Structure formats: C-alpha cells, structure tokens
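Below is one structure, written out as structure tokens; the observations come after it.
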Amino acid sequence: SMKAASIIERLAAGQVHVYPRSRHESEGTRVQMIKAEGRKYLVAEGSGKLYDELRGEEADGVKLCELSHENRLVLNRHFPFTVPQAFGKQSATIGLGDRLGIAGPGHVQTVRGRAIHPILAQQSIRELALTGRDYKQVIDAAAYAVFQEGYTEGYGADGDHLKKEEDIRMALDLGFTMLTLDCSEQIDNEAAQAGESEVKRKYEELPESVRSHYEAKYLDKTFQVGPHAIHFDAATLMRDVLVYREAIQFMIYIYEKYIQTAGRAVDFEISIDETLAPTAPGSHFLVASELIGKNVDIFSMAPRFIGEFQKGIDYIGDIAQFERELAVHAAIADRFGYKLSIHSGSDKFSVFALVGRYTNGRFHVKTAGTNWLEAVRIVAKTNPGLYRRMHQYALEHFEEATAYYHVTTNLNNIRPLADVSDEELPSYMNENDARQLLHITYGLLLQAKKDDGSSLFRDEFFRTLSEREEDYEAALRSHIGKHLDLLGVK
C-alpha cells in the first residue's frame with residue numbers, strides 16, 4: 001500500500017484538504033480529518049495511548065487511518081462527544097436519517113447554532129435491509145461527522161420502528177440512545193374500523209377484570225387536559241380498549257424487559273401512527289394514562305394525525321381540522337410529560353408552524369428519505385446522464401417498491417425524460433410525484449448491479465457525491481434549515 005506513504009508527503013506539503021474544525025487532542029496525540037480526494041481518512045501525530053490505539057499504517061510521527069468501525073470505537077474511548085447520548089423529553093430534537101452514510105456533516109452544519117439536538121444516527125430495519133448496512137455503520141457515520149465538524153454539544157442514535165426483541169437487544173448493545181417501538185403487529189385495526197355492536201360483541205368477550213379496570217377508571221368520566229376536556233362514552237372506550245390493549249401490554253413488557261434494565265439513559269419513543277384510523281384524542285389519552293399508570297418513562301408519542309403524512313410531500317387534508325386535532329394532542333403530551341413525535345415529518349411545511357406553536361417548541365420531528373432526495377438533486381444537476389438512467393430505472397421498478405411505502409403517486413404527472421432537457425432535470429425534485437418516485441425506490445437503485453456483478457449506479461452515485469460534496473452539504477443546509485426555520489427553531 002504505497003498511497004499511505006505519498007498521502008503523508010502530500011500532507012505536510014500542504015496541497016491536501018484538511019477539514020478545519022476537525023483538530024482535536026487527547027493527551028499528546030493530535031487527530032485530524034483529511035480528504036485525499038475521493039476518500040476520507042484520520043491523521044494522528046503526537047504520542048500517547050490514542051495514537052497507539054488507532055489502527056493504520058504509520059510513517060515517522062504520522063498515522064493514516066480509515067474511517068472504520070474500530071477506529072470509531074477508539075475515538076469513542078478518548079472523545080466523549082463522539083458517543084451517542086440521550087436528550088430527554090424537555091427538549092427539541094430532530095431525527096436526521098441518512099440512508100447513504102454521507103449526510104452527517106451537512107446535518108451538523110445545519111444544526112450548529114440552532115436550539116435543537118440532532119439525532120444524526122437514525123435508520124429503520126427495512127432501510128438497513130434495502131441498503132445493505134448494519135447499525136454499526138449508522139453510528140459510525142454520525143460519530144465521524146461530529147468529529148469532522150467539531151460539534152461537541154451532543155448527538156443521538158435512534159433505532160427507528162423496531163418490532164422484534166432481537167433487534168431491540170441489538171440496538172441497546174450497540175449503544176443506541178433512542179428506541180422507537182413499532183407496535184403495529186399488536187394494533188387491532190379490524191376493531192378500529194369495525195362497526196359498533198361488533199365492537200360491543202368483541203368487547204364483552206373480554207375478561208371481567210379487564211373491563212372492570214377500564215370502566216372504573218374511564219367510563220363516563222371527563223378529564224381536563226389543557227383547556228380541552230376529554231369524555232369517554234361507552235362506545236369510544238370499548239373501541240379504544242379493543243384497538244390498543246394488546247399494544248399497551250407490549251409497550252409495558254418492552255419497557256420493563258429492555259428499557260428500565262438498560263442501566264443508562266434511553267429515550268423511549270412509542271409509535272402508534274401505523275393505524276388505518278387517525279388517532280382520536282381519547283385513544284391517545286388512554287394509552288398514555290395506562291403507560292404512565294405503570295410508571296413507564298416515555299420520551300415521545302407519535303400519533304396518527306388526521307389527513308395523510310406521505311413520504312416526500314407536504315401534508316394532505318384539511319388544515320383547520322388538523323389544527324383542532326393538534327391542539328388536543330399537544331395538550332395530552334403536556335399533561336403526561338412526553339413530547340409529540342412527528343413521523344414522515346420531512347417536507348411537511350404546512351404543519352411546521354402549527355407544530356412549533358402548539359408544542360411550544362418541545363417536539364420530535366423525524367426525517368430520512370429527504371436527504372437521499374437532496375443527493376439525487378445533486379446528481380441531476382451535475383451528472384444528468386446518471387440521473388436519466390436512474391429515473392428511468394426507478395420508473396420501471398416502481399410497482400415493486402409500493403409494497404414497502406404507502407404512496408398515492410400519480411405517474412401520469414411525471415413528464416417523460418425525453419421531454420425534459422438536462423438543465424430541467426433538477427426540477428423533478430420539486431414535484432410531488434417525481435419526488436415520491438425516487439424516494440421509495442432508493443433500495444432498488446442502491447443494490448442494482450450490472451449483469452456481470454458490479455454496481456449499476458451505486459459506485460457512480462457515490463463518486464459523483466464525493467466530488468460534489470460541497471454542493472450536497474450546501475443543499476442539505478438549505479433544505480434542512482428550511483425545516484427548522486418553519487419549526488421556529490432558534
């Protein structure tokens with residue numbers, strides 16, 4: 001491996017890019033981050049246990065290190081601000097998911113100087129599967145990004161929408177500080193739609209003790225939440241119990257088995273927006289009441305708001321009605337102490353002001369695929385040839401991906417590639433349908449291979465992004481800054 005030698009030649013010469021906010025020190029060892037263009041490495045001068053413990057090939061006083069998992073574990077031991085940490089429910093957080101592992105620095109640059117704590121490490125099991133990555137890689141990218149930008153005020157790591165215990169225990173063992181319980185397998189959607197009297201049928205099949213609990217505690221009682229009162233008729237109480245009861249036992253069993261016993265602060269987010277019905281406020285209140293009655297420490301709750309929260313696009317539905325429902329949801333979270341969490345929050349610009357107002361800035365908003373879409377925007381401005389090939393590839397495999405994400409995409413709205421010049425290509429990522437076409441097809445585009453073996457687009461994509469890194473980063477700052485401004489952050 002000759003290059004390690006020359007790179008150091010190129011280094012102390014001074015024609016090599018060093019990230020200016022990346023110099024840190026531990027005892028006698030100084031550490032820096034450099035780009036020997038095309039690639040990123042760690043460089044360590046000095047002498048001390050951090051130099052010795054980093055792995056990489058040396059030359060006199062200098063060691064060149066790849067951004068590996070194990071070098072990340074070493075930096076963790078010497079540099080605390082590179083370890084994920086939890087933030088608690090009296091805070092403002094934003095989940096900045098990165099399907100590529102290259103969005104970190106742009107993300108840090110956006111939250112620098114804003115009153116928000118970033119969850120830089122956030123991926124779901126599906127996203128991992130559709131991209132061929134493990135959770136170690138997700139934390140590695142986030143940790144290396146805060147070291148690159150010298151951002152010491154902290155970041156978190158979120159296991160998004162976990163449903164299986166093996167994945168729960170795995171996320172904890174790897175140091176995840178935030179866990180989002182999915183709870184879909186246990187939500188009884190059948191009961192959420194079923195008509196009345198079928199709800200009474202099934203309700204009265206419930207143990208006497210259970211009905212005596214929920215009825216002695218809720219039936220024909222009214223609860224003050226803020227200025228809003230919530231009253232439980234017999235009809236809604238019975239539907240609620242049937243929709244959520246098994247999901248509530250699951251939340252309690254997960255919390256007691258894995259969260260209470262973790263022996264370190266963990267931010268526990270419960271997701272219940274994977275119900276075909278919106279989450280009524282009485283539903284929300286009862287769930288919370290049951291959890292908080294058994295002393296569970298919730299970080300946030302994600303309800304299903306009225307209307308539609310689809311990937312890629314702004315809100316669909318009646319904004320005044322969403323406002324009425326938001327006002328009560330925010331008030332329920334206030335009574336019980338946790339935050340409201342907004343899934344599929346990205347590009348939902350119509351609701352950000354409302355969310356900032358009614359939660360008085362105390363919220364969680366999750367983004368992800370937007371970030372991949374901003375990368376796709378860069379490919380369309382600087383490598384039109386590459387974008388055309390993917391856009392067409394996306395179009396041909398679009399039916400496949402709608403199994404995984406629920407979109408009402410209208411392909412008839414996407415102008416045909418033949419009818420748009422190269423210069424117009426970027427504008428596709430302003431359009432609802434084209435944005436959704438490339439959002440949900442990321443997994444298919446990332447894994448596609450030439451019929452010999454090598455990647456069909458993935459290597460060219462990352463090569464393009466690496467060389468246009470200054471524009472991607474500036475695209476992220478502009479796109480994500482717009483979210484935070486609309487949220488009213490800082």
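Every chain in the structure tokens has a letter given in the order shown (A, B, ...), and although residue numbers restart at 1 in each chain, ligands are simply numbered from 1 in the order shown.
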**Test item: residues at most 12 Å from residue A:251, only C-alpha atoms, excluding those fewer than 2 positions along its chain, as a PyMOL selection string** = chain A and resi 162-163+165+179-187+244-249+253-259+268-272+287-288+290-292+294-298+301
Preceding selection exported with C-alpha atoms as a short mmCIF file (atom, residue, chain, number, x, y, z; two decimals), in the first residue's frame:
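Below is the file that was written, selection.cif:
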```cif
data_model
loop_
_atom_site.label_atom_id
_atom_site.label_comp_id
_atom_site.auth_asym_id
_atom_site.auth_seq_id
_atom_site.Cartn_x
_atom_site.Cartn_y
_atom_site.Cartn_z
CA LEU A 162 -38.16 -1.73 15.85
CA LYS A 163 -40.70 -4.52 16.41
CA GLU A 165 -36.84 -8.24 20.64
CA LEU A 179 -35.65 3.39 20.64
CA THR A 180 -38.87 3.70 18.65
CA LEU A 181 -41.25 0.84 19.40
CA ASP A 182 -43.36 -0.01 16.35
CA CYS A 183 -46.37 -1.84 17.90
CA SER A 184 -48.05 -2.49 14.51
CA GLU A 185 -48.31 -6.26 14.93
CA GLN A 186 -50.44 -5.66 18.06
CA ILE A 187 -52.65 -2.77 16.92
CA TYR A 244 -54.84 -0.65 21.75
CA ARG A 245 -54.93 -3.11 24.71
CA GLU A 246 -52.52 -5.70 23.27
CA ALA A 247 -50.33 -2.89 22.01
CA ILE A 248 -50.27 -1.42 25.53
CA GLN A 249 -49.15 -4.69 27.15
CA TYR A 253 -43.26 -5.62 28.50
CA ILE A 254 -40.65 -3.99 26.26
CA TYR A 255 -40.04 -1.15 28.72
CA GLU A 256 -39.63 -3.41 31.74
CA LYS A 257 -37.56 -6.02 29.97
CA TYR A 258 -35.23 -3.79 27.96
CA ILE A 259 -35.54 -0.07 28.86
CA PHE A 268 -38.17 5.62 24.64
CA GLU A 269 -40.44 6.68 21.75
CA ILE A 270 -43.74 4.84 21.23
CA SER A 271 -45.07 4.90 17.66
CA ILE A 272 -48.80 4.40 17.12
CA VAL A 287 -52.77 4.85 26.02
CA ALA A 288 -50.74 7.47 27.91
CA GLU A 290 -52.22 3.27 31.05
CA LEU A 291 -48.48 3.60 30.40
CA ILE A 292 -47.93 6.33 32.97
CA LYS A 294 -47.47 1.65 35.27
CA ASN A 295 -44.60 4.16 35.63
CA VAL A 296 -43.20 3.90 32.09
CA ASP A 297 -40.72 6.62 31.10
CA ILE A 298 -41.83 7.81 27.64
CA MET A 301 -45.55 9.60 21.32
#
```
Show me, as a compact mmCIF listing (two decimals) with N, CA, C and O atoms, in the first residue's frame, the residues that have an atom within 10 Å of residue A:314 when counting only C-alpha atoms, minus same-chain residues fewer than 6 positions from it.
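To be explicit, this is the file written out as result_5.txt:
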```
# COMPACT_ATOMS: atom_id res chain seq x y z
N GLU A 308 -53.15 12.83 5.80
CA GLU A 308 -52.16 11.89 5.32
C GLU A 308 -50.78 12.52 5.42
O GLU A 308 -50.58 13.67 5.02
N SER A 344 -42.67 10.81 9.30
CA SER A 344 -42.73 11.28 7.93
C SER A 344 -42.77 12.81 7.90
O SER A 344 -43.50 13.42 7.12
N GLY A 345 -41.99 13.41 8.78
CA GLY A 345 -42.10 14.83 9.01
C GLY A 345 -41.53 15.65 7.89
O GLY A 345 -41.85 16.82 7.73
N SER A 346 -40.67 15.04 7.09
CA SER A 346 -39.95 15.79 6.07
C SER A 346 -40.89 16.38 5.02
O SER A 346 -41.85 15.74 4.62
N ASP A 347 -40.60 17.61 4.61
CA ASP A 347 -41.29 18.33 3.53
C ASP A 347 -42.73 18.69 3.92
O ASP A 347 -43.47 19.22 3.10
N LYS A 348 -43.12 18.40 5.16
CA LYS A 348 -44.47 18.74 5.63
C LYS A 348 -44.48 20.18 6.15
O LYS A 348 -44.72 20.45 7.34
N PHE A 349 -44.26 21.11 5.22
CA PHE A 349 -44.04 22.51 5.58
C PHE A 349 -45.29 23.20 6.08
O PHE A 349 -45.21 24.12 6.90
N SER A 350 -46.46 22.78 5.60
CA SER A 350 -47.73 23.37 6.01
C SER A 350 -48.03 23.20 7.49
O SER A 350 -48.89 23.92 8.02
N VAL A 351 -47.40 22.25 8.18
CA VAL A 351 -47.77 21.99 9.57
C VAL A 351 -46.70 22.41 10.55
O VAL A 351 -46.97 22.41 11.77
N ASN A 432 -44.27 16.65 -6.64
CA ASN A 432 -44.74 15.65 -5.68
C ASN A 432 -44.50 14.24 -6.20
O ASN A 432 -43.89 13.41 -5.52
```
**Message:** According to DSSP computed on the backbone, where in stretch 100-335 of chain A is there helix (DSSP H, G or I)? Give the residues as number ranges by chain.
**Reply:** A: 104-111, 125-131, 135-149, 165-173, 189-193, 198-203, 208-218, 234-262, 281-293, 319-335
**9 Å contact set for stretch 60-64 of chain A, only C-alpha atoms, chain neighbours under 3 positions out, as number ranges by chain** = A: 4-5, 7-8, 41-47, 51, 54-57
Using only C-alpha atoms, tabulate the residues of stretch 140-215 of chain A lying at most 8 Å from any atom of stretch 115-131 of chain A, each with its closest atom pair and that distance in Å to one decimal, by chain and increasing residue number, as a Markdown table.
```
| residue | atom | partner | partner_atom | distance |
| --- | --- | --- | --- | --- |
| A:141 | CA | A:121 | CA | 7.7 |
| A:142 | CA | A:120 | CA | 5.4 |
| A:154 | CA | A:117 | CA | 7.2 |
| A:155 | CA | A:118 | CA | 5.3 |
| A:156 | CA | A:119 | CA | 4.3 |
| A:157 | CA | A:121 | CA | 4.4 |
| A:158 | CA | A:122 | CA | 4.7 |
| A:159 | CA | A:122 | CA | 6.2 |
| A:160 | CA | A:124 | CA | 4.6 |
| A:161 | CA | A:124 | CA | 6.0 |
| A:162 | CA | A:125 | CA | 7.0 |
```
**Asked** Out of stretch 109-310 of chain A, which residues get strand (DSSP E) from DSSP, as a PyMOL selection string?
**Response** chain A and resi 117-119+121-124+157-162+178-181+222-224+229-231+267-272+300-303
**Prompt:** Hey, what's within 12 Å of residue A:285 if we count only C-alpha atoms and toss same-chain stuff fewer than 6 positions away? As a PyMOL selection string, please?
**Reply:** chain A and resi 218+222-225+228-232+236-237+240-241+244+279+291-293+301+303+328-336
**Request:** Excluding residue A:376 and residues on its chain fewer than 5 positions from it, collect all residues at most 9 Å away from it, counting only C-alpha atoms, and give them as a list in words.
**Result:**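 Skipping anything fewer than 5 positions along the chain leaves residues 371, 381, 387, 426, 429, 438 and 461 of chain A.
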**Prompt:** Distance atom CA of residue A:379-atom CA of residue A:442, one decimal place?
**Reply:**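 Atom CA of residue A:442 lies at a distance of 13.7 Å from atom CA of residue A:379.
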**Message:** I'd like to know which of A:30, A:107, A:77, A:72 is closest to residue A:484, using only C-alpha atoms.
**Reply:**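 Smallest distance to residue A:484 is found for A:107.
Here atom CA of residue A:365 is placed at a distance of 6.8 Å from atom CA of residue A:93.
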**Request:** Quick one: everything within 6 Å of stretch 464-478 of chain A, counting only C-alpha atoms, minus sequence neighbours fewer than 4 positions away in the same chain. Send it as a list in words.
**Result:**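 Neighbouring residues, sequence-local ones excluded: residues 106, 110 and 460 of chain A.
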May I have the residues from that selection written out with C-alpha atoms, as a short mmCIF file (atom, residue, chain, number, x, y, z; two decimals), in the first residue's frame?
```cif
data_model
loop_
_atom_site.label_atom_id
_atom_site.label_comp_id
_atom_site.auth_asym_id
_atom_site.auth_seq_id
_atom_site.Cartn_x
_atom_site.Cartn_y
_atom_site.Cartn_z
CA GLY A 106 -24.19 18.70 6.20
CA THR A 110 -27.33 22.91 9.76
CA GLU A 460 -21.01 6.33 -9.87
#
```
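Going from atom CA of residue A:265 over to atom CA of residue A:139, you cover 17.2 Å.
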**Message:** Please list as a count of residues only every residue within 6 Å of stretch 20-25 of chain A, counting only C-alpha atoms and excluding residues in the same chain fewer than 4 positions away.
**Reply:** 9
